[PDB]
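A.B. asks: Contents of input-v6.txt (compact mmCIF, C-alpha atoms and all ligand atoms) are given next:
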```txt
# COMPACT_ATOMS: atom_id res chain seq x y z
CA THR A 17 22.82 -13.86 -5.26
CA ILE A 18 25.42 -15.76 -3.24
CA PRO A 19 28.08 -13.66 -1.47
CA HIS A 20 31.69 -14.57 -2.19
CA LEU A 21 34.12 -14.57 0.72
CA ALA A 22 37.89 -14.97 0.84
CA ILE A 23 37.89 -16.48 4.35
CA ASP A 24 39.95 -19.67 4.44
CA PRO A 25 38.33 -22.04 7.00
CA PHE A 26 41.45 -24.22 6.82
CA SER A 27 44.05 -21.62 7.77
CA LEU A 28 45.90 -21.40 11.07
CA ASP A 29 44.44 -17.91 11.51
CA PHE A 30 40.96 -19.47 11.36
CA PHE A 31 41.79 -22.37 13.71
CA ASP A 32 43.26 -19.87 16.18
CA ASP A 33 40.08 -17.80 16.50
CA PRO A 34 37.24 -19.00 14.27
CA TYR A 35 34.34 -17.28 16.04
CA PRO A 36 34.51 -13.83 14.42
CA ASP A 37 34.89 -15.37 10.96
CA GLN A 38 31.97 -17.71 11.71
CA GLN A 39 29.69 -14.77 12.51
CA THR A 40 30.84 -13.16 9.25
CA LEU A 41 29.91 -16.40 7.46
CA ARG A 42 26.53 -16.68 9.23
CA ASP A 43 25.58 -13.04 8.67
CA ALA A 44 26.68 -12.83 5.01
CA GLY A 45 23.80 -15.14 4.09
CA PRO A 46 22.37 -18.64 4.42
CA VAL A 47 24.65 -19.91 1.62
CA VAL A 48 28.09 -18.43 0.86
CA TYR A 49 30.77 -19.25 -1.70
CA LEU A 50 34.36 -19.66 -0.47
CA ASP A 51 36.61 -18.48 -3.32
CA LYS A 52 39.75 -19.86 -1.68
CA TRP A 53 38.69 -23.48 -2.30
CA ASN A 54 35.78 -23.11 -4.77
CA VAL A 55 33.18 -24.56 -2.40
CA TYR A 56 29.83 -23.49 -1.04
CA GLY A 57 29.54 -22.97 2.70
CA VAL A 58 26.70 -22.95 5.22
CA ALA A 59 27.32 -21.62 8.75
CA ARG A 60 23.81 -21.17 10.21
CA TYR A 61 22.09 -23.88 12.24
CA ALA A 62 19.07 -24.10 9.94
CA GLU A 63 21.09 -24.76 6.77
CA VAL A 64 23.62 -27.03 8.48
CA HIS A 65 20.76 -29.10 9.92
CA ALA A 66 18.89 -29.15 6.61
CA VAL A 67 21.92 -30.33 4.62
CA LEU A 68 22.65 -33.10 7.14
CA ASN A 69 19.04 -34.32 6.95
CA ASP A 70 18.93 -34.53 3.12
CA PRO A 71 21.42 -37.31 2.26
CA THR A 72 19.91 -37.91 -1.20
CA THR A 73 20.68 -34.38 -2.37
CA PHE A 74 23.78 -33.79 -0.21
CA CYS A 75 25.50 -37.16 -0.48
CA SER A 76 28.44 -38.59 1.43
CA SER A 77 29.60 -41.24 -1.11
CA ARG A 78 31.64 -38.60 -2.98
CA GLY A 79 33.53 -38.01 0.30
CA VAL A 80 32.99 -35.75 3.30
CA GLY A 81 36.26 -33.91 2.71
CA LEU A 82 37.17 -31.36 0.07
CA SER A 83 38.21 -34.10 -2.37
CA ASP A 84 35.46 -35.28 -4.74
CA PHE A 85 35.68 -39.07 -5.03
CA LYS A 86 34.20 -38.86 -8.54
CA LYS A 87 37.22 -36.75 -9.54
CA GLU A 88 40.14 -37.80 -7.30
CA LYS A 89 41.30 -41.07 -5.78
CA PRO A 90 40.63 -41.50 -2.04
CA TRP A 91 43.79 -41.70 0.02
CA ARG A 92 42.48 -44.99 1.48
CA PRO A 93 39.64 -47.35 0.52
CA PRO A 94 36.40 -45.48 1.23
CA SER A 95 34.69 -46.00 4.56
CA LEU A 96 31.77 -48.40 4.20
CA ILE A 97 29.62 -46.27 6.54
CA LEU A 98 30.86 -42.66 6.62
CA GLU A 99 31.49 -42.45 2.87
CA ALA A 100 28.35 -44.29 1.77
CA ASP A 101 24.79 -43.29 1.02
CA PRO A 102 21.62 -45.26 1.70
CA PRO A 103 20.96 -48.02 0.91
CA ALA A 104 24.62 -49.12 0.88
CA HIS A 105 25.08 -47.32 4.22
CA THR A 106 22.07 -48.86 5.99
CA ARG A 107 23.32 -52.31 6.88
CA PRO A 108 26.86 -51.40 8.03
CA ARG A 109 25.13 -48.68 10.06
CA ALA A 110 22.82 -51.21 11.76
CA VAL A 111 25.75 -53.48 12.64
CA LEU A 112 27.80 -50.71 14.27
CA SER A 113 24.61 -49.57 16.04
CA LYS A 114 24.25 -53.04 17.55
CA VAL A 115 27.97 -53.28 18.42
CA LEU A 116 27.79 -49.84 20.10
CA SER A 117 24.36 -50.44 21.58
CA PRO A 118 22.79 -49.75 24.98
CA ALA A 119 23.46 -53.38 25.94
CA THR A 120 27.14 -53.03 25.10
CA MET A 121 27.36 -49.87 27.24
CA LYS A 122 25.99 -51.81 30.21
CA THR A 123 28.88 -54.28 29.89
CA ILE A 124 31.68 -51.68 29.83
CA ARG A 125 30.27 -48.92 32.08
CA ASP A 126 31.69 -50.22 35.38
CA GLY A 127 35.21 -50.61 34.01
CA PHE A 128 35.07 -47.25 32.24
CA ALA A 129 33.91 -45.55 35.45
CA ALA A 130 36.51 -47.36 37.58
CA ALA A 131 39.25 -46.29 35.16
CA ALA A 132 38.04 -42.67 35.27
CA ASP A 133 37.92 -42.54 39.08
CA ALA A 134 41.36 -44.17 39.28
CA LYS A 135 42.77 -41.66 36.80
CA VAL A 136 41.46 -38.62 38.69
CA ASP A 137 42.86 -40.05 41.92
CA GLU A 138 46.22 -40.55 40.20
CA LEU A 139 46.11 -36.98 38.83
CA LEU A 140 45.22 -35.54 42.23
CA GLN A 141 48.42 -37.04 43.67
CA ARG A 142 50.50 -35.03 41.18
CA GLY A 143 48.50 -31.80 41.56
CA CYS A 144 49.87 -30.03 38.48
CA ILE A 145 49.13 -31.95 35.27
CA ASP A 146 48.64 -31.47 31.55
CA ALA A 147 44.90 -31.98 31.11
CA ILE A 148 45.52 -33.06 27.50
CA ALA A 149 48.31 -35.64 27.66
CA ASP A 150 47.57 -36.75 31.23
CA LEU A 151 43.76 -36.72 31.09
CA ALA A 152 42.05 -35.99 27.78
CA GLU A 153 44.49 -38.36 26.03
CA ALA A 154 45.50 -40.74 28.82
CA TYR A 155 42.00 -41.72 29.91
CA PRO A 156 40.45 -42.75 26.55
CA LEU A 157 43.76 -44.42 25.72
CA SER A 158 43.29 -46.54 28.87
CA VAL A 159 39.74 -47.73 28.06
CA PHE A 160 39.03 -47.52 24.32
CA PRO A 161 41.83 -49.69 22.81
CA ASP A 162 41.02 -52.30 25.46
CA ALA A 163 37.30 -51.97 24.67
CA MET A 164 38.12 -52.52 20.97
CA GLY A 165 40.08 -55.63 21.92
CA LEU A 166 43.42 -54.33 20.67
CA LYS A 167 46.75 -55.83 21.60
CA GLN A 168 49.17 -53.77 23.66
CA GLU A 169 51.86 -53.29 21.02
CA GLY A 170 51.53 -50.43 18.55
CA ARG A 171 48.90 -48.26 20.26
CA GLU A 172 51.14 -45.20 19.72
CA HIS A 173 49.92 -45.35 16.08
CA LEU A 174 46.29 -44.75 17.07
CA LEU A 175 46.18 -40.98 17.62
CA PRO A 176 48.52 -40.25 14.65
CA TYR A 177 46.28 -42.31 12.36
CA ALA A 178 43.23 -40.46 13.68
CA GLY A 179 44.81 -37.04 13.17
CA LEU A 180 45.62 -38.11 9.63
CA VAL A 181 42.02 -39.18 8.93
CA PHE A 182 40.59 -35.81 9.97
CA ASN A 183 43.36 -33.75 8.38
CA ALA A 184 42.63 -35.61 5.11
CA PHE A 185 39.09 -34.19 4.99
CA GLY A 186 40.81 -30.83 4.46
CA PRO A 187 42.13 -29.19 1.32
CA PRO A 188 45.56 -30.17 -0.05
CA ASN A 189 47.30 -27.78 2.35
CA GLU A 190 50.37 -28.48 4.46
CA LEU A 191 48.38 -30.09 7.31
CA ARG A 192 46.85 -32.62 4.92
CA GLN A 193 49.89 -33.27 2.76
CA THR A 194 52.32 -33.62 5.66
CA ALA A 195 49.95 -36.06 7.40
CA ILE A 196 49.66 -38.31 4.35
CA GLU A 197 53.44 -38.27 3.77
CA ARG A 198 54.08 -39.79 7.21
CA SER A 199 51.09 -42.15 7.14
CA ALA A 200 52.52 -45.50 5.98
CA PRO A 201 53.47 -46.87 9.45
CA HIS A 202 50.11 -45.87 10.95
CA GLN A 203 48.05 -47.34 8.09
CA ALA A 204 49.94 -50.65 8.27
CA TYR A 205 49.34 -50.92 12.02
CA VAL A 206 45.63 -50.06 11.85
CA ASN A 207 44.82 -52.30 8.88
CA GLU A 208 46.56 -55.27 10.51
CA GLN A 209 44.65 -54.92 13.80
CA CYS A 210 41.39 -54.89 11.81
CA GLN A 211 41.86 -58.59 11.03
CA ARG A 212 39.88 -61.02 13.20
CA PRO A 213 42.88 -63.03 14.56
CA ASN A 214 44.34 -59.84 16.06
CA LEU A 215 41.17 -58.80 17.94
CA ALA A 216 40.48 -59.98 21.49
CA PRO A 217 37.23 -61.93 22.06
CA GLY A 218 34.44 -59.88 23.58
CA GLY A 219 35.78 -56.58 22.24
CA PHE A 220 34.17 -54.15 19.82
CA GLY A 221 36.34 -55.40 16.97
CA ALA A 222 35.60 -59.09 17.49
CA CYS A 223 31.90 -58.24 17.82
CA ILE A 224 31.90 -56.57 14.41
CA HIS A 225 33.35 -59.76 12.93
CA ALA A 226 30.76 -61.77 14.88
CA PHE A 227 28.02 -59.96 12.92
CA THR A 228 29.32 -61.26 9.58
CA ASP A 229 26.87 -64.22 9.91
CA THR A 230 23.58 -62.36 9.71
CA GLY A 231 23.40 -61.18 6.12
CA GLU A 232 24.04 -57.57 7.15
CA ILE A 233 27.77 -57.47 6.40
CA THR A 234 30.11 -60.04 4.89
CA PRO A 235 33.49 -61.07 6.33
CA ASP A 236 35.37 -58.93 3.78
CA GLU A 237 33.51 -55.85 5.06
CA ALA A 238 34.32 -56.41 8.74
CA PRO A 239 37.96 -55.15 8.74
CA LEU A 240 36.88 -51.82 7.24
CA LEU A 241 34.16 -51.42 9.87
CA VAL A 242 36.72 -52.06 12.60
CA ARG A 243 38.87 -49.43 10.85
CA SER A 244 35.91 -47.03 11.19
CA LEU A 245 35.96 -47.27 15.00
CA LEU A 246 39.74 -46.89 15.12
CA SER A 247 39.47 -43.85 12.83
CA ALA A 248 36.58 -41.98 14.44
CA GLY A 249 36.39 -43.15 18.05
CA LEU A 250 39.57 -42.01 19.82
CA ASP A 251 40.75 -38.52 18.79
CA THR A 252 37.19 -37.16 18.83
CA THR A 253 36.70 -38.21 22.47
CA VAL A 254 40.13 -36.84 23.44
CA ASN A 255 39.13 -33.42 22.10
CA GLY A 256 35.67 -33.69 23.64
CA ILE A 257 36.99 -34.49 27.11
CA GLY A 258 39.66 -31.81 26.75
CA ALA A 259 37.00 -29.29 25.77
CA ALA A 260 34.97 -30.19 28.87
CA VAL A 261 37.97 -29.80 31.18
CA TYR A 262 38.78 -26.52 29.41
CA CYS A 263 35.23 -25.26 29.88
CA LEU A 264 35.24 -26.23 33.56
CA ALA A 265 38.51 -24.33 34.01
CA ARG A 266 37.21 -21.21 32.26
CA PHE A 267 33.76 -21.30 33.93
CA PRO A 268 34.50 -22.08 37.60
CA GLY A 269 30.87 -21.34 38.42
CA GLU A 270 29.88 -24.30 36.27
CA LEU A 271 32.41 -26.58 37.99
CA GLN A 272 30.81 -25.57 41.27
CA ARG A 273 27.33 -26.43 39.98
CA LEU A 274 28.68 -29.78 38.78
CA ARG A 275 30.25 -30.53 42.16
CA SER A 276 26.92 -29.87 43.87
CA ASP A 277 25.10 -32.29 41.54
CA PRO A 278 27.41 -34.86 39.92
CA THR A 279 24.40 -36.21 38.03
CA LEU A 280 24.78 -33.18 35.74
CA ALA A 281 27.95 -34.87 34.43
CA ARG A 282 26.34 -36.25 31.28
CA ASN A 283 24.81 -32.94 30.26
CA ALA A 284 27.98 -31.05 31.19
CA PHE A 285 29.85 -33.21 28.68
CA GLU A 286 27.08 -32.72 26.10
CA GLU A 287 27.23 -28.95 26.56
CA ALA A 288 31.00 -29.12 26.01
CA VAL A 289 30.38 -30.93 22.72
CA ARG A 290 28.03 -28.12 21.66
CA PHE A 291 30.23 -25.28 22.95
CA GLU A 292 33.62 -26.55 21.67
CA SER A 293 32.56 -29.02 18.98
CA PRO A 294 35.44 -31.51 18.51
CA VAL A 295 34.63 -31.72 14.78
CA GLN A 296 34.22 -28.21 13.44
CA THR A 297 33.59 -28.76 9.70
CA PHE A 298 33.11 -31.38 7.00
CA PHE A 299 31.53 -31.62 3.55
CA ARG A 300 28.69 -33.04 1.49
CA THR A 301 28.48 -33.14 -2.32
CA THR A 302 25.36 -32.14 -4.23
CA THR A 303 23.90 -34.84 -6.46
CA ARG A 304 21.77 -32.32 -8.39
CA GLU A 305 20.86 -28.65 -8.64
CA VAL A 306 19.28 -27.71 -5.31
CA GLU A 307 17.69 -24.62 -3.77
CA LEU A 308 18.87 -23.97 -0.21
CA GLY A 309 17.73 -20.89 1.71
CA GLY A 310 16.88 -19.14 -1.55
CA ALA A 311 20.10 -19.92 -3.45
CA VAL A 312 20.70 -22.37 -6.29
CA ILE A 313 23.66 -24.75 -5.98
CA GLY A 314 24.69 -26.72 -9.05
CA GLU A 315 25.20 -30.47 -9.31
CA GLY A 316 28.45 -32.02 -8.16
CA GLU A 317 29.37 -29.11 -5.87
CA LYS A 318 31.06 -29.44 -2.49
CA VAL A 319 29.23 -27.87 0.46
CA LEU A 320 31.18 -27.09 3.62
CA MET A 321 29.14 -27.32 6.85
CA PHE A 322 30.32 -25.34 9.90
CA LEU A 323 29.03 -27.52 12.74
CA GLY A 324 30.69 -25.51 15.50
CA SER A 325 29.16 -22.38 13.98
CA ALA A 326 25.69 -23.95 13.86
CA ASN A 327 26.12 -24.80 17.58
CA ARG A 328 26.81 -21.12 18.35
CA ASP A 329 24.21 -19.59 16.03
CA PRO A 330 22.13 -17.02 17.99
CA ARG A 331 19.28 -17.71 15.57
CA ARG A 332 19.06 -21.08 17.37
CA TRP A 333 20.66 -20.72 20.82
CA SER A 334 20.26 -18.25 23.65
CA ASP A 335 23.61 -16.97 24.94
CA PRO A 336 25.46 -19.31 22.54
CA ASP A 337 28.90 -18.18 23.76
CA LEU A 338 28.13 -19.30 27.34
CA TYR A 339 28.98 -22.76 28.67
CA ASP A 340 25.81 -23.78 30.59
CA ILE A 341 25.68 -27.31 32.04
CA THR A 342 21.91 -27.12 32.55
CA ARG A 343 21.22 -25.90 29.00
CA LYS A 344 18.74 -27.96 26.98
CA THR A 345 21.34 -29.18 24.46
CA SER A 346 19.10 -31.48 22.38
CA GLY A 347 19.38 -30.60 18.71
CA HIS A 348 23.03 -29.57 18.71
CA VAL A 349 24.96 -30.92 15.72
CA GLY A 350 28.21 -31.75 17.55
CA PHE A 351 27.46 -35.43 16.79
CA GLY A 352 25.89 -34.70 13.39
CA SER A 353 22.23 -35.24 12.53
CA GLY A 354 20.29 -37.67 10.34
CA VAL A 355 21.28 -41.08 9.05
CA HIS A 356 25.00 -40.53 9.73
CA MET A 357 24.58 -39.11 13.26
CA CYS A 358 27.58 -40.42 15.21
CA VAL A 359 27.04 -44.15 15.65
CA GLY A 360 29.48 -44.14 18.57
CA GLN A 361 27.79 -41.34 20.51
CA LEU A 362 26.91 -43.72 23.35
CA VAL A 363 30.62 -44.49 23.85
CA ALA A 364 31.55 -40.80 23.70
CA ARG A 365 28.87 -39.85 26.24
CA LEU A 366 29.76 -42.72 28.59
CA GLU A 367 33.47 -41.80 28.56
CA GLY A 368 32.65 -38.15 29.08
CA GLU A 369 30.03 -38.63 31.77
CA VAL A 370 32.12 -40.93 33.94
CA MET A 371 35.16 -38.65 33.65
CA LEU A 372 33.20 -35.51 34.58
CA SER A 373 31.48 -37.44 37.38
CA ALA A 374 34.90 -38.38 38.76
CA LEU A 375 35.94 -34.71 38.60
CA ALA A 376 32.65 -33.61 40.18
CA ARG A 377 33.15 -35.95 43.13
CA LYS A 378 36.89 -35.55 43.69
CA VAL A 379 38.01 -32.10 42.48
CA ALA A 380 37.32 -28.72 44.11
CA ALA A 381 39.04 -26.41 41.61
CA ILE A 382 40.67 -26.52 38.17
CA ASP A 383 43.00 -23.56 37.58
CA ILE A 384 45.07 -23.02 34.45
CA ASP A 385 48.69 -22.70 35.61
CA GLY A 386 50.56 -22.56 32.30
CA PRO A 387 50.44 -21.56 28.62
CA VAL A 388 47.54 -23.11 26.74
CA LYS A 389 48.59 -24.53 23.36
CA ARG A 390 46.15 -25.24 20.53
CA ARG A 391 46.35 -28.37 18.38
CA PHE A 392 45.79 -27.61 14.69
CA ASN A 393 43.76 -29.93 12.44
CA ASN A 394 41.78 -29.30 9.28
CA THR A 395 38.55 -30.54 10.87
CA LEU A 396 39.24 -31.38 14.54
CA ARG A 397 39.28 -28.68 17.23
CA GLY A 398 41.13 -29.26 20.48
CA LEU A 399 44.10 -28.28 22.58
CA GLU A 400 47.67 -29.53 22.40
CA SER A 401 48.44 -28.73 26.04
CA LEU A 402 46.29 -27.52 28.96
CA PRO A 403 48.39 -27.10 32.12
CA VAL A 404 46.08 -27.10 35.13
CA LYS A 405 46.40 -27.38 38.88
CA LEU A 406 43.78 -29.65 40.45
CA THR A 407 42.61 -28.82 43.97
CA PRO A 408 41.29 -32.00 45.64
CA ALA A 409 37.83 -31.74 47.17
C1 LIG B 501 33.11 -36.36 21.45
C2 LIG B 501 33.12 -37.45 20.66
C3 LIG B 501 32.60 -37.54 19.20
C4 LIG B 501 32.17 -36.58 18.35
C5 LIG B 501 32.10 -35.06 18.58
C6 LIG B 501 31.79 -37.23 17.10
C7 LIG B 501 31.29 -36.63 15.96
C8 LIG B 501 30.75 -37.25 14.85
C9 LIG B 501 30.01 -36.61 13.78
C10 LIG B 501 29.71 -35.10 13.65
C11 LIG B 501 29.65 -37.55 12.90
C12 LIG B 501 28.86 -37.32 11.60
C13 LIG B 501 29.77 -37.33 10.37
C14 LIG B 501 28.94 -37.08 9.14
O1 LIG B 501 27.70 -36.85 9.26
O2 LIG B 501 29.50 -37.12 8.01
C15 LIG B 501 30.14 -38.83 13.37
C16 LIG B 501 29.99 -40.06 12.75
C17 LIG B 501 30.60 -41.22 13.15
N1 LIG B 501 31.24 -41.42 14.35
FE1 LIG B 501 31.51 -40.03 15.82
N2 LIG B 501 31.99 -38.59 17.24
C18 LIG B 501 32.48 -38.82 18.51
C19 LIG B 501 32.81 -40.05 19.04
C20 LIG B 501 32.80 -41.23 18.35
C21 LIG B 501 33.07 -42.55 18.90
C22 LIG B 501 33.43 -42.80 20.39
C23 LIG B 501 32.96 -43.45 17.91
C24 LIG B 501 33.15 -44.98 17.94
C25 LIG B 501 33.43 -45.71 19.03
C26 LIG B 501 32.61 -42.72 16.69
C27 LIG B 501 32.41 -43.28 15.45
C28 LIG B 501 31.72 -42.71 14.40
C29 LIG B 501 31.38 -43.34 13.13
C30 LIG B 501 31.73 -44.80 12.74
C31 LIG B 501 30.71 -42.46 12.39
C32 LIG B 501 30.14 -42.72 10.98
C33 LIG B 501 28.65 -42.98 11.20
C34 LIG B 501 27.87 -42.88 9.92
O3 LIG B 501 28.43 -42.45 8.87
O4 LIG B 501 26.68 -43.26 9.95
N3 LIG B 501 32.52 -41.37 17.00
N4 LIG B 501 30.80 -38.61 14.56
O1 LIG B 502 34.40 -44.68 8.96
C1 LIG B 502 35.39 -43.97 9.29
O2 LIG B 502 36.57 -44.36 9.15
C2 LIG B 502 35.08 -42.59 9.82
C3 LIG B 502 33.81 -42.36 10.33
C4 LIG B 502 33.51 -41.10 10.82
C5 LIG B 502 34.47 -40.11 10.78
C6 LIG B 502 34.05 -38.72 11.26
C7 LIG B 502 34.07 -37.74 10.28
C8 LIG B 502 33.67 -36.46 10.60
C9 LIG B 502 33.23 -36.23 11.90
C10 LIG B 502 33.22 -37.28 12.81
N1 LIG B 502 33.62 -38.49 12.48
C11 LIG B 502 35.73 -40.34 10.26
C12 LIG B 502 36.05 -41.60 9.78
CL CL B 503 44.05 -47.04 6.34
```
Let me see the file written as structure tokens.
Ligand code: HEM
Ligand SMILES: O=C(O)c1ccc(-c2ccccn2)cc1
Ligand SMILES: [Cl-]
C.D. replies:
Amino acid sequence: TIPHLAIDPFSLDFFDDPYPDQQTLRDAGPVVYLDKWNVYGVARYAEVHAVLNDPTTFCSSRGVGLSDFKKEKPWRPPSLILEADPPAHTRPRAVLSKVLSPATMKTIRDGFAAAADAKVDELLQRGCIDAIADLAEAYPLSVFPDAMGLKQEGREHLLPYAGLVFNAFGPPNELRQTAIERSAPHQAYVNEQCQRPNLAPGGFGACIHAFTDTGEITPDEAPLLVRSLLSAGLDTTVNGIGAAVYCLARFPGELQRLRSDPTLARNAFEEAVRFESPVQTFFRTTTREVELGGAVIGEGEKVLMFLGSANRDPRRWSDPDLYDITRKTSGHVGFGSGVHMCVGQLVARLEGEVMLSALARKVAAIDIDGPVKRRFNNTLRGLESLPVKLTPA
């Protein structure tokens, strides 16, 4: 019934060039079995979307990595939002929704846009930059920790902790095990900054604590919800912005459309999230025997979703391998779908829009002038280095 494949979606060969293997996974059937890790997989849009929108059957409380929390100990206390099912998930979800709300975006937009314009101006003075370290990393590092209300000391732990979190969703391979081995200094830093005394008033972190009054969360839950934003809100945006810059360098015709209408900035970032999804894969666990696309999956089985594959599925998208900044992108799963759909997507979009708007208004060309290096992660997709020359407009 279910085809068995030996493709390892957590191998460097797969990270290097996942597209061909993803077509193989999509075309083999709606549900495959991956013998390498003894998990089910779904690579088509329809099944990925269906799994995401059935949290009762495909739960998150048993972890969204390979590890099954009913069988193995989590490497850190479970997330109160990501690794929770309704109804436990509902109230921490509503709090983060209100912290990361439209009204909060109105308060940070001017500073985020000023910082993005200032960065592009700074980068234009140097001409030849690394679009990862000097842009995709430097810009969110200059707005997000300040938006959280973090102190200055110790921010070098932020990206390492994030890379650890997303590597840890993988199998016990060298990427995951190495990350955990070096994790103690990053965990200590992050956990300490999650305490209310260490969070600046007016920031995202202090606002989470300020919601402990309402009956939605208690004070003992607030540090873990701060930890959620420090886990999921930095490295994802770095890879998203890097993907957008990468796309604009590979598709100069799309950079030229963006220059002619900077108001396409928000959709050009959204298309980059569909085209080069920063988070390529993660898991659900079945809570019972379920039929999916004509196949029966037993209870307590891990199901690997290929989000980047669903976003390139020609059963859903026309010309899926083309970066199109006027594409109707609604429905892509780059931010998830359903009750867990990225609660910080307004922050991601704001960061990405104002950066691409700054590029649209100030940059004439983006040419790759050096070797492009990929950054390897069990679930994140992004570049290690992207040497580009920026031609000022
Ligand atoms: C390009 C940027 C981003 C991408 C591609 C992305 C992707 C995702 C995806 C796919 C999920 C769903 C996970 C699941 O269903 O198991 C998710 C959830 C989440 N994201 Fe994002 N994210 C981004 C930016 C952010 C930012 C900026 C924040 C916070 C400031 C954030 C915080 C969270 C949190 C807390 C969750 C858990 C929500 C829940 O379980 O209900 N992410 N993200
Ligand atoms: O609550 C946390 O700590 C946390 C929340 C969300 C993520 C995540 C996972 C997969 C894709 C995107 N984001 C990771 C951690
Ligand atoms: Cl931790």
A.B. asks: For each of A:380, A:210, A:280, A:308, take the minimum atom-to-atom distance to residue 342 in chain A, counting all atoms listed in the file, then give the residue where this is smallest.
C.D. replies: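 Smallest distance to residue 342 in chain A is found for A:280.
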A.B. asks: Show me, as a tab-separated table, the residues of range 93-147 of chain A having an atom within 6 Å of range 69-83 of chain A, each with the closest atom pair and its distance in Å, using only C-alpha atoms.
C.D. replies:
```
residue	atom	partner	partner_atom	distance
A:99	CA	A:77	CA	4.6
A:100	CA	A:77	CA	4.4
A:101	CA	A:77	CA	5.6
```
A.B. asks: I'd like a table as a tab-separated table: residues in chain A with an atom no more than 8 Å from ligand LIG 501 (chain B), each row giving the shortest atom pair and its distance in Å to one decimal, all atoms listed in the file counted, sorted by chain and rising residue number.
C.D. replies:
```
residue	atom	partner	partner_atom	distance
A:68	CA	B:LIG501	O1	6.6
A:76	CA	B:LIG501	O2	6.8
A:80	CA	B:LIG501	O2	6.0
A:97	CA	B:LIG501	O3	4.6
A:98	CA	B:LIG501	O3	3.3
A:99	CA	B:LIG501	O3	6.7
A:100	CA	B:LIG501	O3	7.3
A:105	CA	B:LIG501	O4	7.2
A:109	CA	B:LIG501	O4	5.6
A:112	CA	B:LIG501	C30	7.3
A:116	CA	B:LIG501	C25	7.1
A:160	CA	B:LIG501	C25	7.9
A:241	CA	B:LIG501	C30	7.6
A:244	CA	B:LIG501	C30	5.0
A:245	CA	B:LIG501	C24	4.7
A:246	CA	B:LIG501	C24	7.4
A:247	CA	B:LIG501	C27	7.6
A:248	CA	B:LIG501	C27	4.5
A:249	CA	B:LIG501	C23	3.4
A:250	CA	B:LIG501	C22	6.2
A:251	CA	B:LIG501	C2	7.9
A:252	CA	B:LIG501	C2	4.5
A:253	CA	B:LIG501	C2	4.1
A:254	CA	B:LIG501	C1	7.3
A:255	CA	B:LIG501	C1	6.7
A:256	CA	B:LIG501	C1	4.3
A:257	CA	B:LIG501	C1	7.1
A:289	CA	B:LIG501	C5	6.1
A:293	CA	B:LIG501	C5	6.1
A:294	CA	B:LIG501	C5	4.9
A:295	CA	B:LIG501	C5	5.7
A:298	CA	B:LIG501	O2	6.9
A:299	CA	B:LIG501	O2	7.4
A:300	CA	B:LIG501	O2	7.7
A:323	CA	B:LIG501	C10	7.7
A:349	CA	B:LIG501	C10	6.7
A:350	CA	B:LIG501	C5	5.2
A:351	CA	B:LIG501	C10	3.9
A:352	CA	B:LIG501	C10	3.8
A:353	CA	B:LIG501	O1	6.6
A:354	CA	B:LIG501	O1	7.5
A:355	CA	B:LIG501	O4	5.9
A:356	CA	B:LIG501	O4	3.2
A:357	CA	B:LIG501	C12	4.9
A:358	CA	B:LIG501	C16	3.5
A:359	CA	B:LIG501	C33	4.9
A:360	CA	B:LIG501	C23	3.6
A:361	CA	B:LIG501	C19	5.4
A:362	CA	B:LIG501	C22	7.2
A:363	CA	B:LIG501	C22	4.8
A:364	CA	B:LIG501	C22	4.3
A:365	CA	B:LIG501	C1	7.3
A:368	CA	B:LIG501	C1	7.9
```
A.B. asks: So which one's closest to residue 312 in chain A, A:396, A:119, A:48, A:166? Using only C-alpha atoms, please.
C.D. replies: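 Ranking A:396, A:119, A:48, A:166 by distance to residue 312 in chain A, first place goes to A:48.
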A.B. asks: Please determine, counting only C-alpha atoms, which residue among A:370, A:152, A:326, A:338 has the shortest atom-to-atom distance to residue 131 in chain A.
C.D. replies: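 For residue 131 in chain A, the nearest of the given residues is A:370.
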A.B. asks: Find the residues around residue 184 in chain A up to 10 Å (only C-alpha atoms counted), leave out those fewer than 2 positions away in its own chain, and share them as a CSV table (one decimal) with C-alpha atoms, in the frame of the given file.
C.D. replies:
```csv
chain,number,residue,atom,x,y,z
A,80,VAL,CA,33.0,-35.8,3.3
A,81,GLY,CA,36.3,-33.9,2.7
A,82,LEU,CA,37.2,-31.4,0.1
A,83,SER,CA,38.2,-34.1,-2.4
A,90,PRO,CA,40.6,-41.5,-2.0
A,91,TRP,CA,43.8,-41.7,0.0
A,178,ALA,CA,43.2,-40.5,13.7
A,179,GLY,CA,44.8,-37.0,13.2
A,180,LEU,CA,45.6,-38.1,9.6
A,181,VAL,CA,42.0,-39.2,8.9
A,182,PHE,CA,40.6,-35.8,10.0
A,186,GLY,CA,40.8,-30.8,4.5
A,187,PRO,CA,42.1,-29.2,1.3
A,188,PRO,CA,45.6,-30.2,0.0
A,189,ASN,CA,47.3,-27.8,2.4
A,191,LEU,CA,48.4,-30.1,7.3
A,192,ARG,CA,46.8,-32.6,4.9
A,193,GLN,CA,49.9,-33.3,2.8
A,194,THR,CA,52.3,-33.6,5.7
A,195,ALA,CA,50.0,-36.1,7.4
A,196,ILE,CA,49.7,-38.3,4.4
A,393,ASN,CA,43.8,-29.9,12.4
A,394,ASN,CA,41.8,-29.3,9.3
A,395,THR,CA,38.6,-30.5,10.9
```
A.B. asks: Between CA of residue 408 in chain A and CA of residue 387 in chain A, what is the distance in Å, rounded to a tenth?
C.D. replies: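 Pair CA of residue 408 in chain A / CA of residue 387 in chain A returns 22.0 Å.
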A.B. asks: Would you mind reading off the distance between CA of residue 47 in chain A and CA of residue 330 in chain A, one decimal, in Å?
C.D. replies: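 CA of residue 330 in chain A lies 16.8 Å from CA of residue 47 in chain A.
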